[PDB]
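What follows is a short report on a single structure.
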Amino acid sequence: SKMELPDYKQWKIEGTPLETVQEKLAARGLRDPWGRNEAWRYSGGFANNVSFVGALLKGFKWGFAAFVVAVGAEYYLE
Amino acid sequence: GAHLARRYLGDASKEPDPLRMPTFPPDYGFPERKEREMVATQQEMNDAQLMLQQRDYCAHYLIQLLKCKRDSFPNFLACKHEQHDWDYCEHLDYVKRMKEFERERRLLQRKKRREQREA
Amino acid sequence: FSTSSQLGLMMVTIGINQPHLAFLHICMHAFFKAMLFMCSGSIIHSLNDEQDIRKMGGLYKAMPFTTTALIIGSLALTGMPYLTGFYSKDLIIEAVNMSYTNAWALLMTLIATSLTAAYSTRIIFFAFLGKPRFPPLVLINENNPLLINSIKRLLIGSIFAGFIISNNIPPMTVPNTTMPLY
Amino acid sequence: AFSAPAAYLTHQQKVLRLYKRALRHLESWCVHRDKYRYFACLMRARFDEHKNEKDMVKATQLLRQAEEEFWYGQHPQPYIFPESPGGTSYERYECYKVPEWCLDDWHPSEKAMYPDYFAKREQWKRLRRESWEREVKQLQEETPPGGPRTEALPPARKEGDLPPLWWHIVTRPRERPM
Amino acid sequence: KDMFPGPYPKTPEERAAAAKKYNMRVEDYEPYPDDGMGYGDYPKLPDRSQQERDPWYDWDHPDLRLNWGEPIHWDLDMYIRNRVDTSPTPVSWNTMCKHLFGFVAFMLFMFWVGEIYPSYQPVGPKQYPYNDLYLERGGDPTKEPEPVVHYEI
Amino acid sequence: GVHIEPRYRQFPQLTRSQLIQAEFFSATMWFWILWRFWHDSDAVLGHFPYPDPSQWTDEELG
Amino acid sequence: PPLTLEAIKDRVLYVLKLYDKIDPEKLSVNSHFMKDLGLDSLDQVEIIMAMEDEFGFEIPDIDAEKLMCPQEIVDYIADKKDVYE
Amino acid sequence: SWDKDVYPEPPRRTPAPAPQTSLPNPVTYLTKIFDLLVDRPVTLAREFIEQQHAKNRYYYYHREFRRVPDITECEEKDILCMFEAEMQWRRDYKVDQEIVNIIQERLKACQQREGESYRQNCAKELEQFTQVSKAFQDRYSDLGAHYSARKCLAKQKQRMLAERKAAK
Amino acid sequence: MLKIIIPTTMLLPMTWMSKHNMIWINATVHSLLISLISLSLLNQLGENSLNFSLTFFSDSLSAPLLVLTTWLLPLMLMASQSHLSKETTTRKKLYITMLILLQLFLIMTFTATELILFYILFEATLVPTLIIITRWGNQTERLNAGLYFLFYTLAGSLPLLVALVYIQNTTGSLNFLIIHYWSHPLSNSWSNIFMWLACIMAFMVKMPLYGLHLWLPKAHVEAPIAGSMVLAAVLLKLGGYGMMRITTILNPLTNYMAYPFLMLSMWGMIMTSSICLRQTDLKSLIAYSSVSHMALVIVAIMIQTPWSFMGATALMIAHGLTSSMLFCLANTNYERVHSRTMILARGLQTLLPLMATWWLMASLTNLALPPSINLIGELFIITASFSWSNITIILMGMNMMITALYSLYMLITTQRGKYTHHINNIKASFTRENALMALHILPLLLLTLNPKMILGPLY
Amino acid sequence: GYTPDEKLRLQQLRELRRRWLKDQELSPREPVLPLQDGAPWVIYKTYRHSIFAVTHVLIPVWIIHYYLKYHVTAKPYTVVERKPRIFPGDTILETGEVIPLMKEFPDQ
Amino acid sequence: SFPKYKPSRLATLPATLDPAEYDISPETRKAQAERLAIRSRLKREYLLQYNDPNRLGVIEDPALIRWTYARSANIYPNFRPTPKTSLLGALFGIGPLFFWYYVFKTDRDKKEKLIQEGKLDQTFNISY
């Protein structure tokens with residue numbers, strides 16, 4: 001069950017805000033050499049995260065559906 | 001908070017003083033005023049162990065609410081009507097106090113108008 | 001610091017001469033604040049004893065259950081209606097406004113409520129939202145029955161205890177029935 | 001494991017330490033990784049700008065002004081690694097660390113609970129007891145006549161000789177004793 | 001035993017002997033001013049809290065950040081890591097005092113102003129029956145209270 | 001016993017129970033909020049009134 | 001988290017391979033940054049910071065400056081974390 | 001077995017149960033379970049122990065001290081009479097302390113029992129303790145650590161001389 | 001009272017004629033039995049004292065002190081066994097005989113009916129204490145400490161002797177009963193002022209009073225463990241008992257004369273606790289703590305109110321037990337490391353956990369954690385002072401805060417932190433030492449259940 | 001970085017430290033002292049649960065109830081209960097009843 | 001030109017902002033070398049005693065003994081009655097005593113005056 005590290009080549013600055021930072025640096029003539037090391041943070045499942053409003057409205061869809069069902073029950077029964 | 005604005009930023013004499021209220025006598029204006037009748041009796045209150053702050057002109061509705069709450073247990077959702085009744089009585093008492101405040105405001109303004117009439 | 005601010009709110013409630021409301025706020029604060037601290041402890045243990053929010057990020061999906069618990073706790077703390085906080089804090093503020101009060105005290109209480117919302121936003125935004133900033137080795141694992149059940153009980157409490165207790169307890173204060181909409 | 005300190009910090013070493021502190025405080029300010037990378041490359045460029053100053057007085061004055069800038073711009077609550085000094089977990093397990101000599105005071109029943117380990121410990125005790133005299137002799141020989149002018153200690157010169165003053169460093173308690 | 005601290009040094013030979021006794025450099029060694037306080041020979045070590053000393057360095061006493069044989073500060077117990085700390089602050093001490101004291105003063109001043117101008121509601125006083133609960137509030141039944149009358153609005 | 005293998009630089013393994021329970025409790029919170037709001041609205045219990053008429057309280061006018 | 005010696009070596013080499021200035025092909029356990037590689041002093045500081053961030057433990061500057069080799073970093077981390085295998 | 005006159009208790013008025021909902025009352029079933037599980041075994045155990053005690057009933061008696069001449073009638077340096085009077089005064093001091101304790105116990109019980117109406121419905125006990133406290137303070141307070149019957153007599157005489165001066 | 005006195009006397013021939021092996025064992029058995037016999041005295045009639053004979057009487061004040069002494073002797077023997085092992089048999093027997101003579105003198109002091117006999121034996125207690133300090137102390141300062149102790153006590157006592165003889169000539173008797181029953185008030189005259197000073201100053205020296213307390217730190221630091229135990233537990237309380245007994249004669253002038261001593265004690269408790277904050281020697285810290293508690297007791301006595309006296313008795317007993325245990329705990333570490341410097345030994349909780357628990361409980365009692373009898377006495381004294389003046393609460397509360405600070409500071413420095421690396425002589429705590437700490441603690445916690453035993457006659 | 005002598009010393013100490021750590025490992029056997037109370041399979045699921053329930057609540061509740069019976073009788077005023085809120089309604093013994101006569105206005 | 005950091009007694013000046021750390025001379029380096037030599041000699045002696053397999057007991061540090069003696073014993077022999085010593089002793093010794101005497105005496109006199117005037121409430125003050 002020994003842990004296996006992922007292939008180092010898979011990490012890339014492309015498609016990440018790190019590429020935008022590198023573009024700004026190249027515009028000012030500088031190059032950042034550590035982008036690939038920080039690439040993993042912006043890549044994979046970590047890439048997509050909800051907004052604060054999205055975080056608050058977690059389960060609101062199912063909650064609203066349950067609310068509609070229960071209100072239908074309450075109104076229908078009487 | 002607007003009444004506070006009138007009290008502080010504006011002329012203080014026109015606006016009523018909450019501590020001093022009511023300065024003018026009840027007989028002034030209002031040709032006939034009935035005594036605020038108390039529906040509940042003093043013994044009833046003492047027996048029901050109502051809090052002194054709750055021993056007001058609406059203590060009867062609270063007495064009924066307490067009785068319904070004790071009788072309804074375990075069900076705690078069965079006193080909504082009695083709760084509404086007591087709440088409305090408290091609302092009306094608040095409205096009456098607001099009317100007292102407005103009466104004091106107008107009476108102070110009329111006094112200021114008399115003082116203006118002198119000049 | 002959130003606990004200290006809530007204690008100050010309770011002391012204010014005592015000052016407004018509304019003791020039973022302060023006791024109610026104590027009762028609700030126990031639930032939601034203990035739950036928030038348990039969520040913090042779970043985050044710390046998952047991230048190998050890391051407590052700085054700057055080194056914590058993107059945990060919304062990494063730790064779903066702790067995230068739900070902390071969101072609910074923050075909403076209760078900030079006075080989201082019909083949660084535990086609503087039955088206590090909303091009544092606290094409403095009584096403070098509708099009473100003979102030091103002006104600066106009332107203003108500071110309102111500002112403090114704003115700041116409570118602010119720091120709830122801070123913890124949620126820096127910790128659960130965004131991209132991961134923790135060290136490479138990912139050891140996140142909340143799948144422990146003790147942790148899950150312990151947080152579950154306080155979650156259910158934060159959601160429903162406010163309503164249950166408020167309905168059951170005898171009325172001890174004359175309610176502020178009518179007040180301006182604002 | 002710490003190396004013996006030097007009498008003074010060379011100018012290069014001081015510049016390195018200032019660079020490390022500045023990067024760490026910038027990381028504390030720049031919470032997000034991308035912004036940190038941008039401003040860190042900026043700082044690296046700033047160091048490279050005067051990297052090759054020939055006048056040592058000018059470089060020293062630049063160091064002084066940069067240190068003043070660091071003190072003004074230091075993060076009020078800089079990030080501290082959890083086990084680092086000032087960190088949350090610094091010295092947390094210190095009470096759990098127990099010196100090895102506590103073992104010799106065990107009751108014979110407890111020592112019989114783990115015989116084999118104590119045989120190994122007796123072997124280590126024999127080794128230390130044998131090596132002490134040679135270690136002292138080596139320290140005398142290599143020591144300058146005036147006296148040890150640095151905390152550095154010599155390695156083992158010959159086979160069969162243990163490093164001088166090795167016992168406590170080797171037998172220091174485990175970081176996580178439990 | 002010369003190791004024990006002696007009187008205040010007055011000759012350079014005395015100063016050198018004291019410096020060697022306290023295992024300090026002669027030029028670094030500086031005895032407390034002989035004003036009769038009783039310090040005598042003991043050196044005036046810098047008032048640096050043990051927090052300031054570098055943690056990373058291997059100290060003979062790690063918890064105290066002190067090495068053996070080093071001269072011990074007269075008020076070391078005061079400047080232990082668990083007690084009074086003099087480590088440099090990000091903000092100037094005077095500025096910190098200014099900000100804190102000003103904040104507290106303004107706070108109290110504004111509270112006093114709020115006392116001058118207390119917030120309230122545009123309502124009249126709450127009216128209570130039975131002469132504002134005269135009896136219920138502990139009023140003497142034997143004595144006759146003023147008959148408080150509340151009329152309807 | 002390795003229920004969740006620590007992953008070096010990828011999204012951590014999540015068991016389904018975590019997701020299901022978290023979603024259930026968040027949905028319960030939102031359902032409770034909506035249900036209470038629909039059944040009982042704390043907005044107002046009688047609009048804040050103003051007694052404009054002077055004759056209502058006092059109308060001496062001299 | 002046993003954190004064996006081989007794991008430490010793999011992670012150190014991983015960080016170094018992710019370093020753009022170092023070319024991955026010639027990177028070796030004994031590849032001195034100063035001599036075998038083209039890294040300067042500031043690059044040594046940066047790689048030390050990267051290592052300490054990867055492993056989450058801070059390397060003191062007096063020890064940090066004297067690494068100068070990936071194998072030295074690996075064994076230093078092993079000494080700090082009490083890795084004996 | 002405490003005397004009701006010594007420890008008054010207002011008559012108990014307990015409202016009758018008047019349920020208005022169909023839901024079963026948990027308190028009732030829990031109290032019945034508590035009765036069956038606890039109260040009955042405890043009552044049985046006390047029945048057994050009371051039977052055993054009744055098997056061997058023996059009586060203890062409350063001592064009676066005849067009144068003795070007070071320090072007022074005791075002669076000077078008359079150590080025997082002074083001793084008897086001083087011990088009698090000490091016993092009276094203890095009895096007065098106990099009386100104050102009884103009144104305070106009534107006060108506390110009345111505060112708790114009345115509930116939110118304590119301020120009004122306990123006024124009589126408050127007045128009783130007021131009188132008892134004033135008397136006790138006048139009789140015994142400020143005598144000091146080395147209180148003696150002679151010092152109490154001296155306090156009484158000082159008070160009476162002040163009263164005559166007030167009478168002018 | 002001879003039921004206690006005569007066996008205590010017989011302890012001496014038994015110790016002298018016992019075999020060299022069995023001296024400690026026999027002494028401990030019979031001293032514990034004597035304490036069990038002394039336990040009977042606790043039963044005190046409320047109205048009147050137990051007047052056993054003309055010479056001896058006991059009240060609710062003397063009985064707790066006698067029980068404390070009889071309990072303290074075996075504890076002193078257990079503590080002093082360790083460091084006297086190397087001594088020759090004759091020297092060990094001499095030490096034990098000094099302890100037994102001290103216990104005998106203390107018992108006779110607390111039970112004596114005549115003030116002159118009380119003075120004779122109360123001054124007689126100096127000789128065994130002085131011999132103990134100056135012969136079995138372990139530092140060169142023991143001679144100076146013994147001189148200071150002896151001369152302070154004698155300078156206080158000799159005017160007391162003159163005053164007692166003058167009282168015998170004037171009133172005609174020094175028996176405490178007769179004095180209490182007749183007790184004619186004093187007049188505010190310079191002669192009576194100086195009689196008041198003469199009567200009070202000997203006990204004010206014995207109870208370490210600020211400005212007269214210099215002997216106590218030297219004596220307690222320089223004395224052996226057993227001598228420190230008696231000095232802290234009973235010898236200081238000798239002053240409290242004397243002051244409480246003697247206050248009957250000086251009834252009115254006390255109001256005028258208390259203010260100097262009252263202020264001295266009230267400020268001195270704060271000063272001595274602040275000294276405790278910065279002490280570098282553990283024994284010295286405990287000594288200054290004792291000074292502060294005794295200053296509280298002095299305030300209680302001078303106030304002369306019933307609650308003050310009850311608190312004074314409770315504090316006397318509780319402080320005696322706490323200080324004796326604290327000295328024993330410090331002595332254990334001193335035996336292990338052979339230094340009294342607080343900083344030298346650190347992190348002993350990891351090395352010796354049960355001793356750390358003993359230290360915790362001892363400090364908690366020292367800082368008056370409720371419902372300890374320490375807090376009962378201190379709280380009663382505080383309430384009495386508040387009735388005396390509401391402004392006393394400021395000083396009393398400040399003293400309480402500083403006591404908590406220094407107690408927990410001693411606990412933290414000695415028993416917490418990293419262990420001192422170089423010290424290797426720490427060994428598992430012996431059953432004797434843990435037994436001694438338990439014998440100190442368990443009675444103290446038990447007395448909380450039935451506090452009327454140590455609340456004094458005025459209860 | 002280090003001087004060659006420094007490198008050699010560090011390597012030596014490293015080897016010795018790793019040797020010490022590996023010597024800190026125990027053997028396959030942890031010797032223990034050699035049936036005090038018989039316990040075959042004793043249903044820890046429910047039987048031990050019931051035993052805990054009894055010993056921790058039932059025994060204390062019985063003891064406390066007995067102490068309540070003693071203490072209540074031993075001294076007057078030991079147990080004082082708040083006078084039950086007698087809302088206008090039937091009483092058990094007094095059977096008193098009263099109505100405020102809704103002397104008010106119902107509309108809301 | 002960022003605002004400068006004013007060092008104080010409880011906020012020492014950082015070594016980084018030390019005006020002397022950037023003004024180094026050969027003699028300063030010599031002094032640093034000498035101090036390092038002293039520390040190295042002391043550390044060598046301590047470690048020699050500390051790693052000795054034969055040693056059993058404390059390593060008596062002369063510095064600690066000196067510190068204790070200077071804090072306790074050496075004070076009085078090296079004390080001289082001087083105007084500062086005398087004035088500070090007088091103040092911090094007797095002044096507080098007289099201050100508390102004044103405060104408490106005034107309070108007690110006020111209370112006694114009220115009691116004599118019968119203008120003090122002790123309605124239930126029956127436990128003194």
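Identifiers for the structure tokens are assigned positionally: chains receive A, B, ... in sequence, residues are indexed from 1 per chain, and ligands are indexed from 1 in the order shown.
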**region 66-70 of chain A environment, 7 Å, only C-alpha atoms, sequence neighbours closer than 2 positions dropped, as a list in words** =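 The residues satisfying every condition are residues 62, 63, 64, 72, 73 and 74 of chain A; 31, 34 and 35 of chain F.
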**Asked** Do you know which residues are at most 12 Å from residue 103 (chain K) counting only C-alpha atoms, after dropping those on the same chain fewer than 2 positions away, and could you put them as number ranges by chain?
**Response** I: 259, 263, 389-392; K: 96-101, 105-110
For region 51-57 of chain J, please output as a PDB file with C-alpha atoms, in the first residue's frame all residues within 12 Å (counting only C-alpha atoms; exclusion window: fewer than 6 positions along the same chain).
```
ATOM      1  CA  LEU H  37     -39.277   1.108  40.148  1.00  0.00           C
ATOM      2  CA  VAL H  38     -38.040   3.310  43.021  1.00  0.00           C
TER       3      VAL H  38
ATOM      4  CA  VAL J  42     -21.717 -12.177  29.091  1.00  0.00           C
ATOM      5  CA  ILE J  43     -23.655 -10.160  26.528  1.00  0.00           C
ATOM      6  CA  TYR J  44     -21.616  -6.965  26.253  1.00  0.00           C
ATOM      7  CA  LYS J  45     -24.205  -5.868  23.677  1.00  0.00           C
ATOM      8  CA  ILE J  63     -30.021   5.711  47.426  1.00  0.00           C
ATOM      9  CA  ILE J  64     -30.891   9.340  46.677  1.00  0.00           C
ATOM     10  CA  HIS J  65     -34.612   8.670  46.995  1.00  0.00           C
TER      11      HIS J  65
END
```
Where does chain G meet chain F within 12 Å, residue by residue, with the nearest atom pair and distance in Å to one decimal for each, counting only C-alpha atoms, listed by chain and rising number, as JSON lines?
```
{"residue": "G:1", "atom": "CA", "partner": "F:6", "partner_atom": "CA", "distance": 8.6}
{"residue": "G:2", "atom": "CA", "partner": "F:6", "partner_atom": "CA", "distance": 11.7}
{"residue": "G:3", "atom": "CA", "partner": "F:6", "partner_atom": "CA", "distance": 11.9}
{"residue": "G:7", "atom": "CA", "partner": "F:8", "partner_atom": "CA", "distance": 10.8}
{"residue": "G:10", "atom": "CA", "partner": "F:8", "partner_atom": "CA", "distance": 11.3}
{"residue": "G:11", "atom": "CA", "partner": "F:8", "partner_atom": "CA", "distance": 9.3}
{"residue": "G:14", "atom": "CA", "partner": "F:8", "partner_atom": "CA", "distance": 10.9}
{"residue": "G:15", "atom": "CA", "partner": "F:9", "partner_atom": "CA", "distance": 11.8}
{"residue": "G:54", "atom": "CA", "partner": "F:8", "partner_atom": "CA", "distance": 10.6}
{"residue": "G:55", "atom": "CA", "partner": "F:8", "partner_atom": "CA", "distance": 11.7}
```
**Asked** What is the CA of residue 38 (chain E)-CA of residue 346 (chain I) distance in Å, reported with one decimal?
**Response**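 CA of residue 38 (chain E) sits 29.0 Å away from CA of residue 346 (chain I).
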**Request:** Can you check which residues of chain E have any atom within 8 Å of chain B? Use only C-alpha atoms and format it as number ranges by chain.
**Result:** E: 117, 119-130, 133, 136-137, 149-153
Write to file, as a compact mmCIF listing (two decimals), in the first residue's frame, the residues of the selection just made, with N, CA and C atoms.
```txt
# COMPACT_ATOMS: atom_id res chain seq x y z
N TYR E 117 -27.60 61.87 25.78
CA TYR E 117 -28.64 61.75 24.77
C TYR E 117 -29.03 60.28 24.63
N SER E 119 -31.12 57.01 23.70
CA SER E 119 -32.14 56.59 22.76
C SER E 119 -33.34 56.02 23.49
N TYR E 120 -34.51 56.19 22.89
CA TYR E 120 -35.75 55.64 23.44
C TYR E 120 -36.76 55.53 22.30
N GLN E 121 -38.01 55.24 22.65
CA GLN E 121 -39.08 55.09 21.68
C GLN E 121 -40.15 56.16 21.89
N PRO E 122 -40.88 56.54 20.85
CA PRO E 122 -41.89 57.61 20.97
C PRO E 122 -43.20 57.11 21.57
N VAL E 123 -43.11 56.55 22.78
CA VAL E 123 -44.26 55.98 23.46
C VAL E 123 -44.38 56.65 24.82
N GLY E 124 -45.53 56.45 25.45
CA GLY E 124 -45.75 56.92 26.79
C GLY E 124 -45.37 55.86 27.80
N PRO E 125 -45.26 56.24 29.07
CA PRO E 125 -44.87 55.28 30.10
C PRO E 125 -45.89 54.15 30.21
N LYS E 126 -45.38 52.95 30.46
CA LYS E 126 -46.25 51.80 30.68
C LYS E 126 -47.10 52.03 31.93
N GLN E 127 -48.41 51.87 31.78
CA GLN E 127 -49.35 52.07 32.86
C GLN E 127 -49.66 50.74 33.53
N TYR E 128 -49.57 50.71 34.85
CA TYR E 128 -49.88 49.51 35.61
C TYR E 128 -51.09 49.74 36.50
N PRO E 129 -51.89 48.71 36.73
CA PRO E 129 -53.12 48.86 37.51
C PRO E 129 -52.84 48.84 39.01
N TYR E 130 -53.90 49.00 39.79
CA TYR E 130 -53.84 48.95 41.25
C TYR E 130 -52.73 49.86 41.78
N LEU E 133 -49.26 48.67 40.91
CA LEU E 133 -48.96 47.48 41.68
C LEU E 133 -48.39 47.83 43.05
N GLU E 136 -48.46 44.98 45.23
CA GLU E 136 -47.67 43.88 44.68
C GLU E 136 -46.18 44.17 44.75
N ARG E 137 -45.79 45.45 44.71
CA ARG E 137 -44.39 45.84 44.76
C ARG E 137 -43.90 46.04 46.19
N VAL E 149 -54.63 56.74 38.87
CA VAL E 149 -55.73 56.53 37.95
C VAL E 149 -55.19 56.62 36.52
N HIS E 150 -55.46 55.59 35.73
CA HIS E 150 -55.10 55.55 34.32
C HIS E 150 -56.38 55.57 33.50
N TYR E 151 -56.54 56.62 32.70
CA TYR E 151 -57.71 56.79 31.85
C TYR E 151 -57.42 56.29 30.45
N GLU E 152 -58.45 55.77 29.79
CA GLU E 152 -58.30 55.31 28.42
C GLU E 152 -57.99 56.48 27.50
N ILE E 153 -57.23 56.22 26.44
CA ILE E 153 -56.95 57.24 25.44
C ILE E 153 -57.97 57.13 24.32
```
Per residue of region 33-126 of chain E within 10 Å of region 73-83 of chain K, note the shortest atom pair and the distance in Å to one decimal, counting only C-alpha atoms, and order the rows by chain and increasing residue number, as a Markdown table.
```
| residue | atom | partner | partner_atom | distance |
| --- | --- | --- | --- | --- |
| E:34 | CA | K:78 | CA | 8.8 |
| E:35 | CA | K:82 | CA | 7.1 |
| E:36 | CA | K:80 | CA | 4.6 |
| E:37 | CA | K:79 | CA | 5.9 |
| E:38 | CA | K:75 | CA | 4.3 |
| E:39 | CA | K:75 | CA | 6.3 |
| E:40 | CA | K:78 | CA | 5.7 |
| E:41 | CA | K:78 | CA | 8.7 |
| E:42 | CA | K:74 | CA | 9.6 |
```
Would you export the selected residues with C-alpha atoms as a short mmCIF file (atom, residue, chain, number, x, y, z; two decimals), in the first residue's frame, please?
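Output saved as out.cif:
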```cif
data_model
loop_
_atom_site.label_atom_id
_atom_site.label_comp_id
_atom_site.auth_asym_id
_atom_site.auth_seq_id
_atom_site.Cartn_x
_atom_site.Cartn_y
_atom_site.Cartn_z
CA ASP E 34 27.51 51.94 43.09
CA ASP E 35 24.62 53.92 44.57
CA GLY E 36 24.19 51.74 47.66
CA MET E 37 21.51 49.52 46.14
CA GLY E 38 23.65 46.49 46.94
CA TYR E 39 24.37 45.16 43.45
CA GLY E 40 28.09 45.64 43.94
CA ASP E 41 30.24 43.53 41.66
CA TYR E 42 27.38 42.05 39.64
#
```
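Here is the contact set of chain H against chain B, at 8 Å and counting only C-alpha atoms: residues 17, 18, 19, 20, 21, 23, 24, 25, 26, 114, 115, 116 and 117 of chain H.
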**Request:** Tell me which protein, DNA and RNA residues are within 10 Å of residue 22 (chain C), counting only C-alpha atoms, leaving out same-chain ones fewer than 4 positions away, and put them as a ChimeraX atom specification.
**Result:** /C:7,9-18,26-28,88-89,91-92
Take the residues just selected and output them with N, CA, C and O atoms as a short mmCIF file (atom, residue, chain, number, x, y, z; two decimals), in the first residue's frame.
```cif
data_model
loop_
_atom_site.label_atom_id
_atom_site.label_comp_id
_atom_site.auth_asym_id
_atom_site.auth_seq_id
_atom_site.Cartn_x
_atom_site.Cartn_y
_atom_site.Cartn_z
N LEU C 7 -20.80 36.84 24.41
CA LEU C 7 -20.92 37.10 25.84
C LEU C 7 -21.21 38.56 26.11
O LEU C 7 -22.00 38.90 26.99
N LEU C 9 -22.80 40.50 24.09
CA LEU C 9 -24.20 40.69 23.73
C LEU C 9 -25.11 40.25 24.86
O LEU C 9 -26.12 40.91 25.15
N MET C 10 -24.77 39.14 25.52
CA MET C 10 -25.55 38.70 26.67
C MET C 10 -25.51 39.74 27.79
O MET C 10 -26.52 40.02 28.44
N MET C 11 -24.33 40.31 28.03
CA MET C 11 -24.20 41.34 29.05
C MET C 11 -25.04 42.57 28.69
O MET C 11 -25.66 43.19 29.57
N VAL C 12 -25.06 42.93 27.41
CA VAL C 12 -25.91 44.01 26.95
C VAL C 12 -27.37 43.69 27.23
O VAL C 12 -28.12 44.52 27.74
N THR C 13 -27.79 42.46 26.91
CA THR C 13 -29.16 42.04 27.16
C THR C 13 -29.51 42.19 28.63
O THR C 13 -30.62 42.61 28.98
N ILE C 14 -28.57 41.83 29.51
CA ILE C 14 -28.77 42.06 30.94
C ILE C 14 -28.93 43.55 31.21
O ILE C 14 -29.77 43.96 32.01
N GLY C 15 -28.12 44.38 30.55
CA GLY C 15 -28.22 45.82 30.76
C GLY C 15 -29.56 46.37 30.33
O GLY C 15 -30.10 47.28 30.97
N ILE C 16 -30.13 45.83 29.26
CA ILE C 16 -31.44 46.25 28.76
C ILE C 16 -32.51 45.72 29.70
O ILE C 16 -33.71 45.91 29.46
N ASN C 17 -32.09 45.04 30.76
CA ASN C 17 -32.99 44.50 31.78
C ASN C 17 -33.89 43.41 31.19
O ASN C 17 -35.10 43.40 31.42
N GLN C 18 -33.29 42.50 30.43
CA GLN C 18 -33.99 41.37 29.84
C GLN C 18 -33.22 40.09 30.17
O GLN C 18 -32.59 39.49 29.30
N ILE C 26 -27.63 32.32 25.95
CA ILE C 26 -26.61 31.39 26.44
C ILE C 26 -26.91 29.98 25.96
O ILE C 26 -26.03 29.26 25.47
N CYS C 27 -28.18 29.57 26.10
CA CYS C 27 -28.56 28.22 25.72
C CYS C 27 -28.29 27.96 24.24
O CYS C 27 -27.76 26.90 23.87
N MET C 28 -28.63 28.91 23.38
CA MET C 28 -28.42 28.71 21.94
C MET C 28 -26.94 28.80 21.57
O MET C 28 -26.45 28.04 20.71
N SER C 88 -32.92 33.89 19.65
CA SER C 88 -32.22 34.64 20.68
C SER C 88 -31.74 36.01 20.20
O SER C 88 -32.17 37.03 20.73
N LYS C 89 -30.86 36.04 19.20
CA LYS C 89 -30.19 37.29 18.83
C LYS C 89 -31.16 38.30 18.25
O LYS C 89 -31.05 39.51 18.52
N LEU C 91 -34.38 38.64 18.87
CA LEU C 91 -35.11 39.22 19.99
C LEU C 91 -34.22 40.16 20.79
O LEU C 91 -34.69 41.20 21.27
N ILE C 92 -32.94 39.81 20.94
CA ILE C 92 -32.03 40.67 21.68
C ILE C 92 -31.96 42.05 21.03
O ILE C 92 -32.13 43.08 21.69
#
```
**Request:** Up to 9 Å from chain E, what residues of chain H turn up? Count only C-alpha atoms and give them as a PyMOL selection string.
**Result:** chain H and resi 117-121+123
Selection file, N, CA and C atoms, as a compact mmCIF listing (two decimals), in the first residue's frame:
```txt
# COMPACT_ATOMS: atom_id res chain seq x y z
N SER H 117 -44.05 36.41 43.58
CA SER H 117 -44.72 37.33 44.49
C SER H 117 -44.04 37.41 45.85
N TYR H 118 -42.73 37.14 45.90
CA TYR H 118 -42.03 37.11 47.17
C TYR H 118 -42.03 38.48 47.84
N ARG H 119 -41.91 39.55 47.05
CA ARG H 119 -41.76 40.88 47.63
C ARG H 119 -42.99 41.26 48.44
N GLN H 120 -44.17 40.88 47.97
CA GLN H 120 -45.39 41.22 48.69
C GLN H 120 -45.82 40.15 49.69
N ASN H 121 -45.79 38.88 49.30
CA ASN H 121 -46.41 37.85 50.13
C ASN H 121 -45.53 37.36 51.26
N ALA H 123 -43.98 39.67 53.33
CA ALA H 123 -43.71 40.88 54.10
C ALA H 123 -43.78 40.61 55.60
```
